[PDB]
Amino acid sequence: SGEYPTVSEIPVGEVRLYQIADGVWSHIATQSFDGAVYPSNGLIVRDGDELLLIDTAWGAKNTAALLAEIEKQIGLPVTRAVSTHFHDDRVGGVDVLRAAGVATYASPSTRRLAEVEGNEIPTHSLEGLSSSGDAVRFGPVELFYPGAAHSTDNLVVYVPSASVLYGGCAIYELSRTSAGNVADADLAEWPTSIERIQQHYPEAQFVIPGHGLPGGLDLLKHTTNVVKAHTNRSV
């Protein structure tokens, strides 16, 4: 993915798409906060003549830009969206999606945590994902709950036609060698949850982190290394 869009190349408010395979793209957007600029990834998966969106692009502004970029580059309607955890980097644009007629989804756990946090709440509930190891089909992807990691509710998404594993914020890019936002993380369980992902999707060829550059399954071991090191940086 030498051409993969990087954080320093995208102005805040703009969205890039990157086609991974036939009918599979990532979306990349940047936002500035806490003194820095960060990239964020989501996924777009074609299903017939419609699109499934995985995660919004930061907030409302970026998510409007996302819908506009999808229209320009793909030109098919986004009919459903799934948010992979309750934080604003995953649900921040949910009301923009709802206003545009997109049916928004998340697990009951995500919906609950979003409400508590004061974050936008996806409309529909995804059933069958409440116990670690649970997997359910959703249109052209499989949704998997690996257990608590970056957050207690984090989901991962696999596209079996393309061998694409979207890890969300439970998986770090290689360039990140220190913990990111871990305020809601379960450090004790995070490596076990990663092990479940490895065991369930060992065939994955293209692994996309919540933020930054894609790679292969090596990203999973990398993330475990970072998480364990952070766990030991305690006192």
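Throughout, rigid core stands for the largest set of C-alpha atoms superposing within 1.5 Å between the two forms. Note that residue numbering begins at 1 and tracks the sequence as displayed.
Averaged over structures and residues, the CA distance from the shown form in 9 other deposited structures of this protein after a core fit is larger for 30-38, of the two stretches 30-38 and 46-54. Judged by mean Cα B factor in the deposited record, 68-76 ranks above the other of 99-107 and 68-76.
The question of which stretch, 27-35 or 205-213, has the higher mean Cα B factor is settled in favour of 27-35. Between the residues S151, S130, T84, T123, it is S130 that shows the highest Cα B-factor in the PDB record. Of the candidates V12, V226, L219, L17, the deposited coordinates give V12 the top C-alpha B factor.
In this PDB entry, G147 carries a Cα temperature factor that places it within the lowest third of its chain's modelled residues. Among all modelled residues in this chain, the alpha-carbon of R112 has a temperature factor (C-alpha) in the middle third.
Among the modelled residues of the chain, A183 sits in the highest third by CA temperature factor in this PDB entry. Sort the modelled residues of the chain by CA B factor and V164 lands in the middle third. Per the deposited record, the Cα B-factor of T192 falls in the middle third when ranked against the other modelled residues of its chain.
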